[PDB]
Protein chains: 8
Amino acid sequence: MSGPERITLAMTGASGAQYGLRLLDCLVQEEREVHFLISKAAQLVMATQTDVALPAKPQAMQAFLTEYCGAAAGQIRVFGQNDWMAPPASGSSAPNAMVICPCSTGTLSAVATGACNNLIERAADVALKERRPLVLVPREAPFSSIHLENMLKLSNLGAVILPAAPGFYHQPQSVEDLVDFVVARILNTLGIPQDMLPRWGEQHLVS
Amino acid sequence: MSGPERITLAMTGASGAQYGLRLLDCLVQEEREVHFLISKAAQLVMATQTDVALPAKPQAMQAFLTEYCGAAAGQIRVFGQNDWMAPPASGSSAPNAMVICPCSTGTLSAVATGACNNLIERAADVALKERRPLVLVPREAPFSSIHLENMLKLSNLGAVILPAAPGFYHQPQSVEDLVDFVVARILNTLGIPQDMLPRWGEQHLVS
Amino acid sequence: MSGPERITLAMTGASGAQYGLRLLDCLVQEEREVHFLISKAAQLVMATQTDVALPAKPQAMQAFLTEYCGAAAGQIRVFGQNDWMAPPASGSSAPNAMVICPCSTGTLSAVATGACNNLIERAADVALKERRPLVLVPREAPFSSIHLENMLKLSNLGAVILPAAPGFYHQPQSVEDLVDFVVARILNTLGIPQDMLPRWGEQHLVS
Amino acid sequence: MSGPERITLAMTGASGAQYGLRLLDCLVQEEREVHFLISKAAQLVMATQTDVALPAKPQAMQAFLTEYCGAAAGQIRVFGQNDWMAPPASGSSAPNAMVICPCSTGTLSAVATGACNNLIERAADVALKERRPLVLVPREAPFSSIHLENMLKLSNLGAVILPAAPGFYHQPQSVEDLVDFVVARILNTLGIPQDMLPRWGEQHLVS
Amino acid sequence: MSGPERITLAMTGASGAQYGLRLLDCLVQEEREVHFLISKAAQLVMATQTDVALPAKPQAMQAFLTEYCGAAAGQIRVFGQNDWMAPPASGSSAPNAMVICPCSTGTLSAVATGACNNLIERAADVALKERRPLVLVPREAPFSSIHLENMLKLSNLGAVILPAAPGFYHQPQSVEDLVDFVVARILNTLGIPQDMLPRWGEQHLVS
Amino acid sequence: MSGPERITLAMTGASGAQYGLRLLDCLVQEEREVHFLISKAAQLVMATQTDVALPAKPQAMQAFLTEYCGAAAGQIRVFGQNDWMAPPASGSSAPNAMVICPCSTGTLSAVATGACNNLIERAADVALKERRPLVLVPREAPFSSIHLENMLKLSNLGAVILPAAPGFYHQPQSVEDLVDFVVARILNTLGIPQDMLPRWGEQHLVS
Amino acid sequence: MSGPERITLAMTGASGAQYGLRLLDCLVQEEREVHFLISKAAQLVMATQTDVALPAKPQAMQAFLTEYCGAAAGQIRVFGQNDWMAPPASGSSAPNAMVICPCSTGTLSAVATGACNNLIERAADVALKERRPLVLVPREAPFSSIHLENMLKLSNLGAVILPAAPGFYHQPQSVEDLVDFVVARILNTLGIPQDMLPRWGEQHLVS
Amino acid sequence: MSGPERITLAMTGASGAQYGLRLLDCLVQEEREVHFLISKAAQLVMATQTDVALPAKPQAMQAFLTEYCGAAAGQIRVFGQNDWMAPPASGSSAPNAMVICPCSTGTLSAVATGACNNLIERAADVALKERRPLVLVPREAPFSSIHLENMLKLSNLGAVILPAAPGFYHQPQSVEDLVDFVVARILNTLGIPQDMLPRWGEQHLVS
Ligand SMILES: Cc1cc2c(cc1C)N(C[C@H](O)[C@H](O)[C@H](O)COP(=O)(O)O)c1[nH]c(=O)[nH]c(=O)c1N2
Ligand SMILES: Cc1cc2c(cc1C)N(C[C@H](O)[C@H](O)[C@H](O)COP(=O)(O)O)c1[nH]c(=O)[nH]c(=O)c1N2
Ligand SMILES: Cc1cc2c(cc1C)N(C[C@H](O)[C@H](O)[C@H](O)COP(=O)(O)O)c1[nH]c(=O)[nH]c(=O)c1N2
Ligand SMILES: Cc1cc2c(cc1C)N(C[C@H](O)[C@H](O)[C@H](O)COP(=O)(O)O)c1[nH]c(=O)[nH]c(=O)c1N2
Ligand SMILES: Cc1cc2c(cc1C)N(C[C@H](O)[C@H](O)[C@H](O)COP(=O)(O)O)c1[nH]c(=O)[nH]c(=O)c1N2
Ligand SMILES: Cc1cc2c(cc1C)N(C[C@H](O)[C@H](O)[C@H](O)COP(=O)(O)O)c1[nH]c(=O)[nH]c(=O)c1N2
Ligand SMILES: Cc1cc2c(cc1C)N(C[C@H](O)[C@H](O)[C@H](O)COP(=O)(O)O)c1[nH]c(=O)[nH]c(=O)c1N2
Ligand SMILES: Cc1cc2c(cc1C)N(C[C@H](O)[C@H](O)[C@H](O)COP(=O)(O)O)c1[nH]c(=O)[nH]c(=O)c1N2
Ligand SMILES: CC(C)=CCOP(=O)(O)O
Ligand SMILES: CC(C)=CCOP(=O)(O)O
Ligand SMILES: CC(C)=CCOP(=O)(O)O
Ligand SMILES: CC(C)=CCOP(=O)(O)O
Ligand SMILES: CC(C)=CCOP(=O)(O)O
Ligand SMILES: CC(C)=CCOP(=O)(O)O
Ligand SMILES: CC(C)=CCOP(=O)(O)O
Ligand SMILES: CC(C)=CCOP(=O)(O)O
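The residue numbers you see begin from 1 on each chain and track the sequence as written, which may not match the entry, and residues missing coordinates are not shown. Ligands are numbered from 1 and chains lettered from A, in the order in which they are written. Note that the chains on view sit within a larger assembly, with every value limited to the chains on view. Side-chain figures throughout are based on the complete set of non-hydrogen atoms in the structure, without hydrogens or water. Residues with missing side-chain atoms are left out of burial classes, side-chain pairs and their counts.

- Per the deposited record, the coordinates in this entry were obtained by X-ray crystallography to a resolution of 1.62 Å.

Here you go:
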């Protein structure tokens, strides 16, 4: 298999829950193991901008998502915001790639400064110190200079800053087609196969 | 009228022509005067990702857009890429706000470095030296550290970096609803009235 | 196979065309796919400092190089300087390593600043944002502080700055032996097998 | 095999010889090839803080270590401090990962500044220019701002700064258990299998 | 008495509780007054990596520690994480030295950025603004560039960054001997007498 | 006694040996303990610019200086350039103030970069990490930007940069009076009594 | 003649008037034209630390110095502190080298910041903008970080920072011999012949 | 004569001895005086990559080179690595231009940091403080960020960084023709006549 076997997928309180749910579903279909984390604000976003009725507690959540995605048993692990017992809290864990999708400006800040106040922030701190993949998917506009400095710092240290900025070059016809563009970019970044967005120019031999 | 009477709208070669066409139409409906500039790459984008058959030469272009938007005669001015005779080339011109929507990574670079190689780049250089509004709407993912440094420099100097990153908090049902979210943000930035995106929380009196 | 299956090889207007032609030939012999780009200045260099009569237009060029190197059909793709349809223009393309050999001081500048004015510059911009290999082979002396700052910025972001500075530790007897030293270094950087430069010290067991 | 086939292991004059000897032994047991370098100060440390009677000259040293670790013939190569003939002195060598364990503050300084005064420093300079793994294991307290600036510079360039700071979360009962924690972290960094430190949380499915 | 009469000892959630308990005991034996603060994460660390059954609430904690260490009544004060009434919250308090042992990467971050979210962070903020001693004892490996930048900033402002990196030059035979090395370094930094680690070279008169 | 009981006095290869010999004599007369270190270049300076015939080996040197200054037995300790057994090599030593008088540009460099190549450089590295007094007395003209950057870095970290730049405000009549001005400044910096340079203005009550 | 025909010699209020008077005399003997400027504080220094009774007003001063040095009529020009009519105030003047000897910390500050409050400061501002020689001779100890930053800035812009730090390698026997060392260094910097300090090593052919 | 009368030519341990020998020969033919310095590593390079059997000791070396180049007696001075008696060690020496050809990455480092550990490094330190020409000829590939930062610092201070990167625009037919290109560039930098590389375009009057 190309790409990581295990992804830590953290969802934080930016207005783009569709992208994290779609990514979760694609990752499950590519038979990856997902360690799923979600912030309190992200739970309010999902409740108010989607049709998904996500249970509050980690075990009910894990059961719900396993159904929602058609996952295998234990394929999706759910950990709460102070569960330091969970793999992502330590660099001695097995290697996984981490994606924060969507990534709020507050979570971006915490990761840039090293705040480690909850499991998502500590997980990203560990990805950085271990040189493990870390992809942040901000959804904000305008970006202020505070946001941009935090993104630059992290980019300079090897994180991938992948804004939720879909392109129109595959002729999108629906909101779902724009959500899939962003998701396809994330999977490409992670090195995981995808067939939602063709490889640009692959059939063009000469100019 | 709130907001600027005249906007310089430059469209450059990022995959988001829908946003610049929609903005052009909203600006016309709010009876603003638009000085419209478009790059060669942006013409290829529009030809390949939209249904809009935009003529190549500035006078045919001006006639086409005036029809497309329902504008009044002389409401939309079109200037070519080396027309130094046009108002945006000089700080002695009448004040206008400038928006680059969409803004390619190459145009972002040129504006950050001061390259002034064509009328769009010189127009942005003049907006900066005159302290006139300058809004850039990048559409790229990932953003590299080169992109992020160029955005930060410009943000620090007072430009507004407004990525084409729509939110989902107004329940979008179509691609058009996502395009209008971004457009609504731009008009808000410019101080121009809009009724596509409600004022968040305006009716909430207490927590 | 070790190393990348596909290399984007861009030749720009520094006085070292021999190195890019030799690299092209080595890449073909290692059965890699080459996406070949060449600047207008690089065409003048090749015309004046080599015996290679390279045709001007991309399809005639592709036929010429395919012969010159003994390549298989479609092994070498040639794209012109504004062919945005070509794979290297987008990060959604299939992954390839990019080498700019030789790299003029102007191309170094454009890549460091993000100028994206033609397909070579945009290709390098995409390599950077995608975290794909990017090797620059400058040929200039002295290096000014402008050159050195541009190289440092790019090195800091993970590009490899590999100056056309051959060593003499394999006893070179000809101009070709110096050209092959530099080429051997490039292939090593890319992780592609080569037998022009032995592995230093591989038989030395103790001091 | 996961991880590098060949490791350059340099031991320098910080008070932690136990960690470099233990790492050497683990690397031998995982059937890796080790290019072993040791500074004059590190020889005084080993003589005074361990029970290991290490011979002075490279060939006697190689014989001693080969016995001490149970290595195969030629599995451990020993090179002296000015043996420029040895593989680590040149980037044209075969790829290996380099670890400096322990890393004195003086060696940290030399690597950060590019001093290349002996084979260890030149070896690290080459690892950096080749983008090959470089792990530094400092043992000092307090760390001054000079130390911290030197570490930051190197971290920013992709070196791994792994201080000899063992954790207590695997219930250590002996000095050997603390030495093995640090060694286990190094092997994890290098991507080499180890069974001294379990994978944190690997059996935890839900919070 | 040499050294401070009063120490604020904060324990945060890094895997090194042994060092803070040992320091607490040494400080009590040198008849100092200790203002003891402990984070929620540090309570989970102590519960899981030590044999010490520390009560949760500040008054039960104070009674427990007073027994554990043989302290005099009122020698150890315990304050909770939001007790702004406590001396360390204000610069108008009586002078004391502050040690954060162990110091998590999150607490390091908060102190470097000025976050003041709880009493430990505010206490360190006050130590800095008052020019009072502040010693941080991180326990992490690798250190990332985020950690290293946060340490450098604080070192530059006069904090002492004293990693939990014991040396082996006093022939340690047990885990306790390594814990005491680090503790001895802290007491030396604070100017408090200790007889666990001899004064290096004190009897050496000539080379 | 005011000021430190023990001073590490290092003499390095700048053209000002008179100042270090005079300081050594003043320190002995104020009954301080001096740990004396001298570089190979400083030995050549003393041989060629003074009348002092200093023996080469540390024990003969210690006997010579003890006579030259009228010191008590064991008041002056002499350590060689690789004597890591000596107190100044470790921060676990008893506290002393360190003066490098004169300080060559090479020694200034090594201290600024953390090179630790010999006992003087390591001693200064330890003074810095321990927050112990460190006074550097450069003697060079012009100062280049390399020198000035190295001095600034060290000044910013709390070292005292005290150039061998005597003043004329005490009416000097001899070379000895200029040497004593500089020495008086050093003793003032260290907080040690001196009566060579009066306290400026001490008898002036009103303007 | 080697070196400049005209020198602007400014004397400011550091305790080293001997050096500026000696330089003035050497410049006169080498038949240079001197534009002489002196600050109010420098007049108090000269009155209190030398035997030279310098008149207050520019014309009496010019007559006095012309006698003191044996100069030709009009060889020494004296200008007051607000005489903007004088050549050094404008870059349109004839080229001259400028030396500030001695240079107070206040004058160093003004030159580094561009303060131009009097003719000396404006003269130095003009030397810098014209790329004309500018030599500053500070006399201060310790140098603080403010002093060192001001010196570095100016050194980086091409000024020569030449501290009043005499060497002892020409066997000085008097205060005058130390004053002449510094003066000899200044003349060397300016490219003016001098025979007070031999050319180091000029007769040494082999090592 | 145009250009300097005296050149300090230092050869250090990069793989390009041919360039320093050829430069030495050209300098002798232009009747310049050469102060020749060579490092221990450079002696190993010359022994292994050239046919030149250079004696070890300075006087035998001077005799050998005087023969090899056809020099006049005393035209080439040879100084050893610790011969502080030699002119280049002091700024009070007669002015000469300094070239380090080839310049190892270690020597580049030492010059950038001010290390002054041997006569070559001190000579370069003096060139910088005296504002005398300093040309460095590195031979390394890739250049890391450490190398590039060291080059930039020195370039910014006025050193010339002239990499051993020959061009092909004079139709080179041999290894000697590439060596002469680099040498011709160095002589041009120094302002010394050369007829190996024509003046580009000198006969071109119009475009
Ligand atoms: C409905 C709704 C929508 C948004 C938000 C909030 C809510 C309630 N917030 C804000 C954000 O959630 C807030 O600053 C949190 O403190 C983020 O905390 P976490 O990073 O999720 O722990 C938010 N933040 C942001 O960066 N981009 C966005 O698009 C949104 N949209
Ligand atoms: C179809 C198509 C689509 C895109 C592009 C090109 C084409 C042809 N380009 C690239 C870009 O247009 C190129 O780097 C130009 O050089 C930009 O020039 P202007 O800034 O418009 O003058 C591009 N650039 C970018 O920053 N974001 C994008 O989404 C796209 N999409
Ligand atoms: C014959 C010849 C030789 C050279 C050049 C030009 C020509 C015509 N140029 C200059 C360079 O080509 C010019 O600055 C271009 O603008 C570079 O454009 P590209 O980067 O190729 O698009 C050039 N540039 C450089 O960096 N190093 C070199 O060795 C040369 N040699
Ligand atoms: C017994 C003993 C113990 C130590 C040391 C020395 C000796 C002799 N040194 C110092 C160090 O070895 C010295 O600065 C050397 O110059 C380092 O040279 P290398 O980097 O090994 O070539 C030392 N240095 C350090 O960074 N951390 C340490 O723990 C120690 N411990
Ligand atoms: C068992 C255990 C062990 C550790 C941790 C946690 C737990 C539960 N954490 C993490 C840390 O406690 C987390 O990022 C907290 O958010 C830190 O909060 P405080 O700074 O104590 O408020 C942790 N953090 C760190 O910097 N170094 C370490 O050694 C450890 N070890
Ligand atoms: C006679 C004599 C005089 C001087 C020197 C040398 C000699 C031999 N050196 C140079 C210096 O000693 C050289 O760069 C050494 O490498 C410094 O090494 P240490 O720092 O003493 O180990 C020298 N260096 C300096 O910074 N200022 C000076 O005044 C002198 N004077
Ligand atoms: C007797 C005497 C001696 C000194 C001073 C003053 C006096 C009165 N001052 C101080 C200085 O003159 C003061 O800060 C002035 O404001 C400098 O002004 P000018 O730069 O000359 O205009 C002084 N300043 C300094 O930088 N180094 C010194 O050696 C002295 N010595
Ligand atoms: C045969 C051979 C070849 C090279 C080297 C060595 C040897 C032995 N070294 C390395 C270098 O010489 C080493 O880092 C020295 O420590 C440099 O010391 P000096 O700067 O000459 O004192 C080397 N260094 C470099 O920067 N570029 C190179 O091309 C080479 N080539
Ligand atoms: C939760 C936990 C064991 C954190 C310690 O992990 P690491 O040693 O800092 O990578
Ligand atoms: C096209 C033109 C008149 C440019 C000059 O404008 P400005 O004085 O630079 O603002
Ligand atoms: C030519 C083209 C489709 C450019 C867009 O690519 P990407 O989304 O910016 O990587
Ligand atoms: C010892 C030696 C051949 C050094 C040259 O290696 P590289 O070309 O600098 O990687
Ligand atoms: C809890 C309290 C009184 C904080 C104010 O202290 P300070 O004036 O900020 O030192
Ligand atoms: C020579 C020696 C014991 C060095 C270790 O000292 P420290 O622990 O780094 O202060
Ligand atoms: C006193 C005077 C004419 C100042 C103007 O000089 P410049 O044009 O600023 O060089
Ligand atoms: C070898 C020697 C006399 C060094 C002193 O030279 P300089 O005064 O630092 O230029």
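What follows continues from the structure just given.
## Focus: the UniProt feature "binding site: dimethylallyl phosphate" in chain A
Here is step 1 of the chain: Residues annotated by UniProt as "binding site: dimethylallyl phosphate" correspond here to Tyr169 and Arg185 of chain A. Despite a sequence span of 17 residues, these residues sit close together in the fold, their greatest C-alpha distance being 13.1 Å.
Here is step 2 of the chain: Examined against the element boundaries, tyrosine 169 of chain A turns out to sit in the loop between β6 (160-161) and α7 (175-190).
Here is step 3 of the chain: Owing to a relative accessible area of 16%, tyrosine 169 of chain A belongs among the buried residues under this scheme.
Here is step 4 of the chain: Residue contacts are counted whenever heavy atoms from the two residues lie within 4.5 Å of one another. Other than its neighbours up to four places away in sequence, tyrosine 169 of chain A contacts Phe181, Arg185, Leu197 and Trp200 of chain A, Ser15, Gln49 and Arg139 of chain B together with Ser90 and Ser92 of chain C.
Here is step 5 of the chain: Residues within four places of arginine 185 of chain A in sequence aside, it is in contact with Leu162, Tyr169 and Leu197 of chain A, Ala141 and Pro142 of chain B together with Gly91, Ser92, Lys129 and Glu130 of chain C. UniProt positions are given in the numbering used here, feature names are shortened, and annotations may be inferred rather than shown by experiment. Helix and strand assignments come from DSSP, with helices taken as H or I runs of at least 4 residues and strands as E runs of at least 2, each series counted from the N terminus. Only protein chains enter the accessibility calculation, which uses a 1.4 Å probe. A residue is then buried if its area is under 20% of the maximum for its type, exposed if over 50%, and partly exposed in between.

## Details of the environment of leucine 9 of chain C
Here is step 1 of the chain: Within the secondary structure, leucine 9 of chain C is located in strand β1 (residues 6-11).
Here is step 2 of the chain: The class for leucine 9 of chain C is buried, based on a relative accessible area of 0%.

## A look at the side chain of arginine 185 of chain G
Here is step 1 of the chain: You can see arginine 185 of chain G is positioned in helix α7 (residues 175-190).
Here is step 2 of the chain: In this structure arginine 185 of chain G comes out as buried when scored by relative accessible area, which is 2%.
Here is step 3 of the chain: Excluding residues within four positions of it along the chain, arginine 185 of chain G makes contact with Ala141 and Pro142 of chain F, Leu162, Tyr169 and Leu197 of chain G together with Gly91, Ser92, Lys129 and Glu130 of chain H.

## Focus on the relation of the copies chain B and chain A
Here is step 1 of the chain: Alignment of copies: least-squares superposition over the C-alpha atoms. Expressed as a screw transformation, the operator carrying chain B onto chain A has a rotation angle of 180° and an axial translation of 0.0 Å, and the superposed copies differ by an RMSD of 0.0 Å. Seen this way, the second copy is the image of the first under a two-fold rotation axis. Among all residues of chain B, the minimum C-alpha distance to the rotation axis is found for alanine 165 of chain B, at 2.3 Å.
Here is step 2 of the chain: Here 100% of the contact residues of chain B are again contact residues in chain A; the copies associate through an equivalent surface.

## Things to note about the pairing of strand β4 (residues 97-103) of chain D
All names here are of chain D.
Here is step 1 of the chain: Burial analysis of β4 places 7 of its 7 residues in the buried class, which makes it a mostly covered element.
Here is step 2 of the chain: In this scheme, strands are said to pair when DSSP sees at least two bridges between them. Of the pairings in the sheet, the one linking strand β1 (residues 6-11) to β4 comprises 4 bridges and is parallel in character. Pairing of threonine 8 across the sheet is with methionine 98, part of β4.

## A look at the nonpolar core
The tendency in soluble globular proteins is for nonpolar side chains to be buried as a group.
Here is step 1 of the chain: For our purposes a nonpolar core is just a set of buried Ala, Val, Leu, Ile, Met, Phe, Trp, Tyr and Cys residues, chained together by side-chain atoms within 4.5 Å. Residues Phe36 and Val99 of chain D together with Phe36 and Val99 of chain E are the most contacted members of the largest nonpolar core, which totals 98 residues.
Here is step 2 of the chain: Ignoring anything within four residues of it in the chain, the contact list for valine 99 of chain E reads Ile7, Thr8, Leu9, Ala10, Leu23, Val135, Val137, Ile186 and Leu190 of chain E.

## Let's talk about the pairing of strand β1 (residues 6-11) of chain F
Residues and elements named next belong to chain F.
Here is step 1 of the chain: Counted residue by residue, β1 has 6 buried out of 6 residues, so it is predominantly covered.
Here is step 2 of the chain: Of the two faces of β1, the one holding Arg6, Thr8 and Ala10 and the one holding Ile7, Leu9 and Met11 are both buried throughout.
Here is step 3 of the chain: When β1 meets strand β2 (residues 33-38), the two strands line up parallel, connected through 6 bridges. Its bridge partner lying in β2, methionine 11 is registered against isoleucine 38.
Here is step 4 of the chain: Between the parallel elements β1 and β2, the chain passes through helix α1 (residues 17-29) in a crossover that is right-handed. Whether a crossover is right-handed comes down to one check: with the strands pointing away from the viewer, does the path from the first strand over the helix to the second run clockwise; if it does, it is right-handed.

## Re the UniProt feature "binding site: FMN" in chain A
Residues and elements named next belong to chain A.
Here is step 1 of the chain: UniProt feature "binding site: FMN": in the numbering of this structure it lies at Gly13, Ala14, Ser15, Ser39, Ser104, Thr105, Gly106, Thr107, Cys116 and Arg139.
Here is step 2 of the chain: Residue placement: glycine 106 occurs in helix α4 (residues 105-113).
Here is step 3 of the chain: Judged by relative accessible area, which is 45%, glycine 106 ranks as partly exposed.
Here is step 4 of the chain: Ignoring anything within four residues of it in the chain, the contact list for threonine 107 reads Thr12, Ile100 and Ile120.

## Observations regarding the interface of chain A and chain C
Here is step 1 of the chain: Contacts between the two partners involve 20 residues from chain A and, on the opposite side, 23 residues from chain C.
Here is step 2 of the chain: Looking at the side of chain A that touches chain C, the elements that each hand over two or more residues are α6 (145-156) and α7 of chain A.
Here is step 3 of the chain: For this classification, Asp, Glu, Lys and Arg are treated as charged, while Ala, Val, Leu, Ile, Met, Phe, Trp, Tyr, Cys and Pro are nonpolar and the rest, including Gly, are polar. For the side of chain A that touches chain C, the residue count by class is 8 nonpolar, 9 polar and 3 charged.

## Some details on the relation of the copies chain A and chain C
Here is step 1 of the chain: For these two chains of identical sequence, chain A goes onto chain C by a turn of 120° and a shift of 0.0 Å along the axis, with RMSD 0.0 Å. Here the copies are linked by what is in effect a three-fold axis. Minimal C-alpha distance to the rotation axis in chain A is attained by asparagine 156 of chain A, lying at 4.6 Å.

## What about the arrangement of the chains?
Here is step 1 of the chain: Chain B makes no contact with chain E; the smallest distance between any of their C-alpha atoms is 16 Å.
Here is step 2 of the chain: Here chain D and chain G are not in contact; the least distance found between their C-alpha atoms is 16 Å.

## A closer look at the pattern of salt bridges
Here is step 1 of the chain: Any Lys or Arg side-chain nitrogen found within 4 Å of a carboxyl oxygen on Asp or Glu counts as a salt bridge. Evaluated as defined, the whole model comprises 68 salt bridges over all chains.
Here is step 2 of the chain: Several salt bridges share partner residues, and in doing so they unite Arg122, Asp125, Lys129 and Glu130 of chain A, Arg185 of chain D together with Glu140 of chain E into one network.

## Points about the sheet that holds strand β2 (residues 33-38) of chain D
All names here are of chain D.
Here is step 1 of the chain: An order of β3-β2-β1-β4-β5-β6 is seen for the 6 strands of this open sheet, with the pairing classed as parallel. The sheet is open, and its two borders are formed by β3 (76-78) and β6 (160-161), each paired with just one other strand.
Here is step 2 of the chain: Across 4 bridges, the pairing between β4 and strand β5 (residues 134-138) is parallel. For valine 99, the partnering residue across the bridge sits in β5 and is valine 135.
Here is step 3 of the chain: The sheet strands contacting helix α2 (residues 40-49) are β1 and β2, and the helix crosses β2 at an angle near 95°.
Here is step 4 of the chain: Set on the sheet, helix α5 (residues 119-130) makes contact with β1, β2, β4 and β5; between it and β4 the angle comes to about 135°. The angle between two axes is taken between their N-to-C directions and runs from 0 to 180 degrees, where each axis is a line fitted to C-alpha atoms and a helix contributes only its stretch in contact.

## A few points about the interface of chain B and chain A
Here is step 1 of the chain: Each partner contributes residues to the interface: chain B has 39 residues there, and chain A has 39 residues.
Here is step 2 of the chain: Counting each side, the surface lost to burial between chain B and chain A is near 3000 Å², with a carbon and sulfur contribution of 63%.
Here is step 3 of the chain: At the junction of chain B with chain A, the criterion picks out 0 salt bridges.
Here is step 4 of the chain: Whenever a nitrogen or oxygen atom comes within 3.5 Å of another N or O atom, the pair is scored as a polar contact, on the condition that within protein one atom can donate a hydrogen and the other can accept it, and that pairs from neighbouring residues in sequence are kept only if both atoms are in side chains. In this assembly, chain B and chain A are joined by 14 residue pairs in polar contact.
Here is step 5 of the chain: Taken together, the elements giving at least two residues each to the side of chain B that touches chain A come down to α1 (17-29), α2 (40-49), α6 (145-156), β6 (160-161) and α7 (175-190) of chain B.
Here is step 6 of the chain: Broken down by element, the side of chain B that touches chain A gets its largest block of residues, 7 residues, from α6 of chain B.
Here is step 7 of the chain: A per-class count over the side of chain B that touches chain A returns 21 nonpolar, 14 polar and 4 charged. Two parts lose some accessible area (1.4 Å probe) when they are put together, and adding that loss for both gives the buried area.

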